[PDB]
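**Q** 3D model of this:
(one chain, ligands or ions: 1)
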Amino acid sequence: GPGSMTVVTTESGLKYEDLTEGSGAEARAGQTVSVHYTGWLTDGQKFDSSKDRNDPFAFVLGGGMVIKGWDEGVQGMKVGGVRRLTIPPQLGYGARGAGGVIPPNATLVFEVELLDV
Ligand SMILES: CCOC(=O)CN1C(=O)CC(C[C@@H](O)[C@@H]2C[C@@H](C)C[C@H](C)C2=O)CC1=O
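**A** Numbering: from 1, shown residues only. See below for the structure:
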């Protein structure tokens with residue numbers, strides 16, 4: 001809902017929030033791993049789920065085709081670890097906009113869930 005949220009923010013702008021423990025291994029730029037991304041909005045509503053295809057997102061870290069927020073999240077999460085990361089416009093979409101209800105200062109959060117490396 002509209003208002004605030006208990007999420008820790010970084011100096012870059014992106015935020016993070018523990019959702020589920022893991023105790024595996026933090027991904028590293030250059031290595032390929034499989035993770036799950038859940039498109040979440042500021043209100044909390046989801047507008048994108050990997051479930052559509054039913055399969056873990058496997059790709060190479062620090063050398064793929066994602067936004068800063070994504071790389072920053074994938075280069076931090078650990079195998080078996082699940083946590084939500086707030087990806088701002090300055091590190092994702094930007095002030096370019098992507099819709100009427102999507103302002104140039106709008107922020108989007110995505111849930112990262114490491115499956116394996
Ligand atoms: C730079 C993107 O980075 C990636 O390469 C991976 N990525 C996308 O391609 C778009 C995703 C979100 C989309 O589903 C929305 C859907 C509506 C809101 C229209 C808008 C233009 C979109 O595209 C977020 C994402 O992480």
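**Q** so where do the strands sit in this protein?
**A** 8-9, 15-20, 32-41, 46-49, 57-60, 82-87, 108-116 (DSSP state E).
**Q** export those to TSV and tack on distance to residue 100 and mean neighbour count?
**A** All C-beta spots, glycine's among them, are computed from the backbone N, C-alpha and C. Shown next, in TSV, are the strands of the chain (distance: least, CB to CB, whole Å; neighbours: other CB atoms under 10 Å):
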stretch	distance to residue 100	mean neighbour count
strand 8-9	27	10
strand 15-20	25	14
strand 32-41	15	18
strand 46-49	15	12
strand 57-60	29	14
strand 82-87	20	22
strand 108-116	15	21
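**Q** and these as CSV, adding distance to the ligand?
**A** Formatted as CSV, those follow (distance: least, CB to the nearest ligand atom, whole Å):
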stretch, distance to the ligand
strand 8-9, 19
strand 15-20, 16
strand 32-41, 6
strand 46-49, 5
strand 57-60, 10
strand 82-87, 8
strand 108-116, 7
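**Q** Show me the residue of the protein that gets nearest to the ligand, please.
**A** Going by CB to the nearest ligand atom, the ligand is nearest to residue 98 of the chain, at 3.9 Å.
**Q** burial of that residue, as a residue count?
**A** For residue 98, the count of nearby residues is 14 (other CB atoms under 10 Å).
**Q** Check the one 5 residues further on too.
**A** For residue 103, the tally of surrounding residues (other CB under 10 Å) stands at 13.
**Q** Kindly report the same for residue 64.
**A** 12.
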